[PDB]
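> Experimental structure and sequence below, a few questions after.
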Amino acid sequence: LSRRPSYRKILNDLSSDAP
Amino acid sequence: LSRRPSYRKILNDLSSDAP
Amino acid sequence: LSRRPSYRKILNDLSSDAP
Amino acid sequence: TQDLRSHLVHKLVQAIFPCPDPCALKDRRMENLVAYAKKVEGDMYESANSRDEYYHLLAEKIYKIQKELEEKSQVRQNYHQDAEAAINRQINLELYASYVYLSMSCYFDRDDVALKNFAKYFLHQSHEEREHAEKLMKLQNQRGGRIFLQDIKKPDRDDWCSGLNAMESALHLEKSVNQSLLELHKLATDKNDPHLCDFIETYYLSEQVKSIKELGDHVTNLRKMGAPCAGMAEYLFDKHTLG
Amino acid sequence: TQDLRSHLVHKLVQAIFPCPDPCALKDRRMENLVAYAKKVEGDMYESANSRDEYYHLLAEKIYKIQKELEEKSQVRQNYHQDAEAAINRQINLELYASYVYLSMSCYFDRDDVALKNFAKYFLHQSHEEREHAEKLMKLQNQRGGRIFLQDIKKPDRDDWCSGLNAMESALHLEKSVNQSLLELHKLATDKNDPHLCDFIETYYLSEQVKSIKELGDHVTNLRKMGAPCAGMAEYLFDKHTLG
Amino acid sequence: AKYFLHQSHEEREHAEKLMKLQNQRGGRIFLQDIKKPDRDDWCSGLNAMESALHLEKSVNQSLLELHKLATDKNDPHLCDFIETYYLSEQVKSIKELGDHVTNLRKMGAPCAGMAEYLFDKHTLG
Amino acid sequence: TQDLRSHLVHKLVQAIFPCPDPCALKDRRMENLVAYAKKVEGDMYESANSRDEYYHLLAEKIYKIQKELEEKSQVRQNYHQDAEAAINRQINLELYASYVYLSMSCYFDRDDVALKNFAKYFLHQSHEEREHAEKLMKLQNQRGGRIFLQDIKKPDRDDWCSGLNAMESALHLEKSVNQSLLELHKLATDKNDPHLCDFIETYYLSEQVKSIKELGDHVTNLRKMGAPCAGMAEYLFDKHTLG
């Protein structure tokens, strides 16, 4: 889940890439 | 206009910040 | 074809060897 | 939307599995893996609603798949994921500080500034921060924690005004680094990690305190002499202190 | 949408004008400037259609305002904006290469790799790239061109597989750097700039060719000995070549 | 005065090296009259630095024109030697003169004799 | 015509394919290759007219077969075949110049000449040309270009008359080398090759100009003193200049 920073990292990456 | 790279820089910044 | 020097090289070699 | 889907389907085959090996193993294993990836992504696409929820579910599936294929290090002993995240944030802050110091060094060595000693001091500070970041990375690698290097942020102020504003920004950056180190020490103490917090408070906090004191002395000198209210004070501080 | 508007209205007062001076001048000038900025942004907001076109018009207005307040350097002689953009792209590529080399150095010095000589070589290469980037920045500052440091991209492959893949990636990166240097030389030749292109082809291309040759020799050795098909070849290349 | 004498010696050595390079290539050298400075009284220090910077910029422009003429007239050796063993020193001198002008403008010269004395006893001292 | 046909049929098996490998692979592949070569040469012989056209067609077939089996180097970046041919011609000219200088050194150290300093100077010049040729070969190998070493031509004048004629021949040879270097620089500039032409004009043209100037000074001294019109001038130039 959100226990690792790669969660937020991939979330921000997908929010920046996808409109 | 688009003669300087800061054009594209600010354009990409505004496209990434604003939805 | 004649785009590489080995063309002229082999041509001169065959002209010198064969009568 | 074709290039976006192509990038999303080409990045998952690398995020799930690293790199295969032709000579050691075979080649059908990577083919079966990419086939299973295509199958699962098609099943997730056929059972979706919009666009953001599908991407979130795909990211969650990638995370769950990576939960097994981790291969923990044999040297890892008493280390939590919160400590790893704190070390990653500290590394990012150190890289940002090094970038800011490099920008300051490259801003003062121009022709409109003519301050070579300030540029040399900023370059030395950037080298010290780079060495500290490399030492932190080496210490994290010795403990067995993973390092995920991300993007390095740029300074929000490209034009550092003059010298007093640059010194104030450097002091604020050093205070932020000290606060981050204190938070890291507190997290290591709360999560049972005496070695890391002790090393941080021994071989890092002293240099941070010395740098903060030096920057405070420089700010006091610039405020008492007259900077940037007069170019004479900056020249004298360049030719005397950092000279 | 309140925080976004607040950030947009707080960044323009810094993008238009740099920093004022209380002791040298007064204080009413900055107030008049920020009042005029608020007036013009309100006039642009009252005469807008959607959201993206308003932001584009605001960016164009900021650019047009910055067109006057430039203050060109007195040392600038025969230099075009295309050369400045090329130098900025080269600096960004050098920073990316330094980041990739640092990641490679921090990936091999772990416990699951146990290659100290490879880590030392990668650290030396990263230091060389950093020194080359600093020299390029100093040369650009001596000519009078502006330097706009942006974000540094991260390596797309966090896990560099083994050693052969890392060497191939380093070779591809060196080839890309050489291509960028060739493009910079061509642009400087077409835009009448013999000094910059000559300095690039003299004090940079030789080191790039040497690095490409060394990486090619390393790849050939790893392919002939047997890497990553066998851990013996990597250990012997670590203890002999880079040892 | 010592810095200006060193710069004059450097320019003299560069001129002698150019003459030797021209003699090695076989080109004739026709030495003519040497013009005098149009400003006998160099005002103070800031005006002298500005005049030196303008002179260095003119020398750099002449070197660029020479390089362009050698490139258009098929002469890679001469233009390469000029852009390698001359343009670097010219850029360094231009940067140093720009730094000196910036220092004189920020400190206060010739608006105050203290700035000139401090720049004499610190920078060139 | 039996030995000629035997040589022609024994050289094609080496010109088409280099060398096989028994321990790594098998042995039937080389047998199949030589069988296909015999079949194609028999088919070309059965469908021929005279003798020269058959040899030309065989050479063209060998070239076309070698067009595929090339294995380009991974370090090759921006390099044309015209540049390779120019480098090969320059290497041949350097070898010819080294041979001429060696002949001059071995012609003056005899008993009928008695000029040891001239022989030492010619030997030093031959060593310098040999080192320059080796450096050119190394630079070509670093870029990835192939080197096809051919026969070295002999000096057309075995008896170099005396000293003035030898100096004039050396000056003409240096002028020819300089013209070849200028042509190479022009070809590299027209074919987009700044690195090679810059290296040639930096680390080679200076030595060529110095050698041309020294040879011109020697010719002027021999013409003013009186050589070969009197043996006193040669002895004094041997015991003073090169002494």
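Arrived safely. Residues are numbered from 1 along each chain as shown, chains lettered A, B, ... in the order given.

> Just the element for residue D:117, please.
Per DSSP states H and E, residue D:117 falls inside helix D:116-143.

> Of all the residues in that helix, which ones are buried?
By 16 or more other C-beta atoms under 10 Å in any protein chain shown, the buried positions in helix D:116-143 come out as D:116, D:118-119, D:121-123, D:125-127, D:129-130, D:132-134, D:136-137, D:139-141, D:143. All C-beta atoms are positioned from the backbone trio N, CA, C, and that covers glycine.

> just the angle between that helix and helix E:116-143, please?
Interaxial angle of helix D:116-143 relative to helix E:116-143 (axes from the mean of the first three to the mean of the last three C-alpha atoms, to 10 degrees): 160 degrees.

> In chain D, what residue lies closest to chain G?
Among all residues of chain D, residue D:23 sits closest to chain G, at 14.2 Å; criterion: C-beta to the nearest C-beta.

> which stretch of helix or strand covers the closest residue to that residue other than its chain neighbours?
The shortest distance from residue D:23 to any non-neighbouring residue, by C-beta to C-beta, 6 or more residues apart in numbering or on different chains, is to residue E:229 (3.9 Å). Taking DSSP H and E as the definition, one finds residue E:229 inside no helix or strand.

> Then residue D:88?
Using DSSP H and E, residue D:88 falls in helix D:81-108.

> Report the contact partners of residue D:62.
A:10, D:12, D:15, D:16 (C-beta atoms under 8 Å, 6 or more residues apart in numbering or on different chains).

> all helices for the chain, in order.
I went with chain A, as the question did not name one. A:5-17 (DSSP state H).

> hm, I was asking about chain D
Using DSSP H, helices in chain D cover D:2-16, D:28-46, D:52-68, D:81-108, D:116-143, D:164-190, D:194-203, D:205-225, D:231-240.

> Kindly provide the distance from residue D:94 to residue D:149.
Distance, residue D:94 to residue D:149, using C-beta to C-beta, to the nearest Å: 12 Å.

> Residue D:83 contacts residue D:191, doesn't it?
Yes - Residue D:83 is within contact range of residue D:191, at 5.9 Å (criterion: C-beta atoms under 8 Å).

> what sits against residue D:128?
By C-beta under 8 Å, 6+ apart, the residues touching residue D:128 are residue D:207.

> what about residue D:39, neighbour count?
Residue D:39: 10 surrounding residues under other C-beta atoms under 10 Å in any protein chain shown.

> Enumerate the residues of chain A near chain G.
Residues of chain A lying close to chain G by C-beta under 8 Å from any C-beta of the partner chain: none are found.

> residue in chain A nearest to chain B?
Taking C-beta to the nearest C-beta, chain B has its nearest neighbour within chain A at residue A:16, 6.1 Å off.

> Quick one: residues contacting that residue.
For residue A:16, counting by C-beta under 8 Å, 6+ apart, the contacting residues are residue B:16.

> So it versus residue A:9, what's the distance?
Distance check for residue A:16 against residue A:9: by C-beta to C-beta, it reads 11 Å.

> Return the residues in contact with the nearest residue to residue D:216 once chain neighbours are set aside.
Leaving aside its sequence neighbours, residue D:216 sits nearest to residue D:171 (C-beta to C-beta, 6+ apart; 6.6 Å). Contacts for residue D:171 (C-beta under 8 Å, 6+ apart) come out as D:212, D:215, D:216, D:219.

> Go ahead and flag the most central residue of chain A.
residue A:11 (1.6 Å; C-alpha atoms, centre = their mean).

> gap between it and residue B:14?
Distance, residue A:11 to residue B:14, by C-beta to C-beta: 22 Å.

> who in chain D is up against chain F?
D:111, D:112, D:113, D:114, D:230, D:231, D:232, D:234, D:235, D:236, D:239, D:243.

> among those, which ones are buried?
The neighbour count (16+ other C-beta under 10 Å) marks D:111, D:112, D:113, D:114, D:230, D:231, D:232, D:234, D:235, D:236, D:239 as buried among the residues of chain D next to chain F.

> domain parsing for chain D?
Chain D breaks down into these domains under curated CATH domains: D:1-68, D:81-241.

> Deepest-packed of the ones you listed, please.
Across the domains of chain D, the average number of neighbours (mean count of other C-beta atoms under 10 Å in any protein chain shown) peaks for domain D:81-241, which reaches a mean of 18.

> what separates the residue most central in space within chain D from chain B, distance-wise?
Centroid-nearest residue in chain D: residue D:92, 1.2 Å away (criterion: C-alpha atoms, centre = their mean). Distance of residue D:92 to chain B, given as C-beta to the nearest C-beta, to the nearest Å: 19 Å.

> And residue D:108, by the same measure?
Per C-beta to the nearest C-beta, residue D:108 is found 22 Å from chain B.

> Residue D:166 now?
To chain B, residue D:166 is 22 Å away according to C-beta to the nearest C-beta.

> what sits against that residue?
D:104, D:107, D:108, D:160.

> doesn't residue D:59 make contact with the residue nearest to the centre of chain A?
Yes - the criterion here is C-beta under 8 Å, and residue A:11 meets it with residue D:59 at 6.9 Å.

> Farthest-apart pair in the contacts of residue D:166, please.
D:108 and D:160 (8.3 Å; C-beta to C-beta).

> Near the closest residue to residue A:8 other than its chain neighbours, how many other residues are there?
Leaving aside its chain neighbours, residue A:8 sits nearest to residue A:2 (7.1 Å; criterion: C-beta to C-beta, 6+ apart). Residues lying near residue A:2 (other C-beta under 10 Å) number 9.

> Residue A:2 and residue E:16, how far apart?
Relative to residue E:16, residue A:2 is positioned 40 Å away (C-beta to C-beta).

> my guess is residue D:189 meets residue D:197, correct?
Yes - Residue D:189 lies in contact with residue D:197 (C-beta under 8 Å); the separation is 5.6 Å.

> how about the residues of chain D near chain C?
If contacts are counted using C-beta under 8 Å from any C-beta, no residue of chain D sits beside chain C.

> so the helix holding residue D:117 versus helix D:164-190, what angle?
20 degrees.

> check contacts around residue D:76.
Contacts of residue D:76 (C-beta under 8 Å, 6+ apart): D:143, D:144, D:145.

> Spatially nearest residue to the last one, not counting backbone neighbours?
Of all residues not flanking residue D:145 in the chain, residue D:84 sits nearest, at 4.7 Å (C-beta to C-beta, 6+ apart).

> Surely the one you found and residue D:143 touch.
No - judged on C-beta under 8 Å, residue D:84 makes no contact with residue D:143 at a distance of 9.2 Å.

> joint contacts of those two?
Counting by C-beta under 8 Å, 6+ apart, residue D:84 and residue D:143 have no contacts in common.

> Pull the distance from stretch D:236-243 to the chain's centre.
Between the centre of stretch D:236-243 and the centre of its chain there are 32 Å (C-alpha atoms, centre = their mean, to the nearest Å).

> next one: stretch D:218-235
With C-alpha atoms, centre = their mean, you get 33 Å for stretch D:218-235.

> Just the terminal-to-terminal distance for it.
Across stretch D:218-235, the terminal residues are separated by 13 Å (C-alpha to C-alpha, to the nearest Å).

> what does that stretch contact?
Contacting residues not belonging to stretch D:218-235 are listed as D:115, D:161-165, D:167-168, D:171, D:236-237, D:241, E:21, E:23-24, F:103, F:105-108, F:114-115, F:118-119, F:122 [C-beta under 8 Å, 6+ apart].

> what about 10 Å?
For stretch D:218-235, the external contacting residues (C-beta atoms under 10 Å, 6 or more residues apart in numbering or on different chains) are D:113-115, D:118, D:121, D:161-168, D:170-171, D:236-237, D:240-243, E:19, E:21-24, F:102-108, F:112, F:114-115, F:118-119, F:122-123.
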